[PDB]
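Heads up: the structure comes next, in structure tokens.
Scope of the values below: all heavy atoms of this structure, side chains included, with no hydrogens, waters or symmetry mates. In listed order, ligands and their atoms are each counted from 1. Every chain is numbered from 1 and lettered A, B, ... according to where its sequence line falls, protein lines coming before strand lines.
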Number of protein chains: 2
Amino acid sequence: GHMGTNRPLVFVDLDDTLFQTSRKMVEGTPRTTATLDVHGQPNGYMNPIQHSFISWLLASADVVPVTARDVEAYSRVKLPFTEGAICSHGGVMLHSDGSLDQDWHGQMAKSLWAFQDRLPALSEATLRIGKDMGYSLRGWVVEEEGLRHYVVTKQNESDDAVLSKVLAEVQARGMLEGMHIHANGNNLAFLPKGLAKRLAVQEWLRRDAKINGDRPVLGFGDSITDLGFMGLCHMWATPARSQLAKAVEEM
Amino acid sequence: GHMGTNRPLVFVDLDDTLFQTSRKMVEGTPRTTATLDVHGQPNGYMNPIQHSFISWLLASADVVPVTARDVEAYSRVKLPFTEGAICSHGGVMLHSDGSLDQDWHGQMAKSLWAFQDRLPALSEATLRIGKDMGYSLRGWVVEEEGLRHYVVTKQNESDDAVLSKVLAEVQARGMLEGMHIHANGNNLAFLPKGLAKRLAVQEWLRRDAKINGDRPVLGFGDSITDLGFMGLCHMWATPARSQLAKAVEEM
Ligand SMILES: [Ca+2]
Ligand SMILES: [Ca+2]
């Protein structure tokens, strides 16, 4: 029989799914501010279709962000999400009021302690190996309070092909055993095995079923690696020109 | 500025997207009748998630079916669609009251007259070539009032691999120049160039933009060939275990 709410539970990726930076939109296109930079100035935008879509979705369903952004970067997303969030590539769950989920934090700590030294080592070694190939890079360890989650690397050449090369050699030098990777645009991330949007969404669904039983679950994402959590949903969806959609086109 | 409605326009495939036959569900699964057979008895069903999902979508957006079913087979779909429909693989548009769109019918007649003799010929030749390979087949020409649209072929062996073989030889014998194909499950269809869900959805959008301007467009489909019309949408979506999703998994 029926228990709780029967409205869809919708997991949405953020960057390049609901909004994007100015460089990724045609100049002069009308836009609404969706995110701020660390200096507090607008830096991510929705075009009119994107704003209409997320407004409709937020009013019609229970919408939960599922994002690579860490908690601080998620706090610069200026969209009125009301159901909590999954952040840091599934390393963090936030309650509806934005406070940290202590249970998940404990479980993630358990999956990640064996990596706490390797992640700063791997970032420094990646940034050195890139400077040795002549590429001006930029990188850091993404970390919640205390706990280090994953390594991110970007390039300063206006040439995303650089990162695919670095990925090739790091893979060769064997530096990525026991880890998985995300690459989309000017972003190359190395993730420990127990860190994945899929794992956090799986737990979110386990909790939801105890309150609301089985209700429709929709997943929206733009990256090929978003297929991890999207495959847990009853239906999954992608923007027409996403990395995922372009790969499907080529198939 | 804003004109008309800003709710999403959602194009939905029908069979294996919103419902399916009993053979495609686990026995004993709870179900709701979605379609009737030609004898008027239930033959397609929604599971509880599917019923909740379409009910939510119909209440939340303007939902337009986009189906291979001809008008008569569409009339045996027992879902309360209120905005009209695209039928017969894009060969037919129906108004909200179910009457035929005369403009599109004229345009389709134009694209299809060069095929009116070839389609009965191609069906008969396919059913003969299959009987020559030892396969018990079944096939016919799908036709609206007067106008023949496309050829469909099914097998009676409980072995959908049969149809891929027939497709291989028909392709060899050159019988499919100027046409495109659909294959999913126990269904192999040969479509003239000017017959496609994509073309009808493209026209539906052209008409809608004059009334409602640019509003979010979502497309839902299960078949690889549904990517045609789904690529016209701002976002497209698919069931987790669809033919499309399985192909994406393999990629
Ligand atoms: Ca993204
Ligand atoms: Ca279908």
Original post:
Of the backbone and side-chain N, O or S atoms of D16(B), does one lie nearer to the Ca ion (ligand 2) than 3.0 Å?
Top reply: no

Original post:
When the ring centroid of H182(B) is compared with that of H89(B), is the distance short of 6.0 Å?
Top reply: yes

**OP:** Could you tell me whether the side chains of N184(B) and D222(B) share a donor-acceptor contact shorter than 3.5 Å?
**Re:** yes

Original post:
To the nearest 10°, how many degrees is the angle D15(B) O to the Ca ion (ligand 2) to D222(B) OD1?
Top reply: 90°

**OP:** Taking the six-membered ring for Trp and the full ring for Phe, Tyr or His, determine whether the centres of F53(A) and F220(A) are under 6.0 Å apart.
**Re:** yes

Original post:
Can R23(A) and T21(A) be counted as having a side-chain donor-acceptor contact under 3.5 angstrom?
Top reply: yes

Original post:
Is any N, O or S atom of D13(A) under 3.0 Å away from the Ca ion (ligand 1)?
Top reply: yes

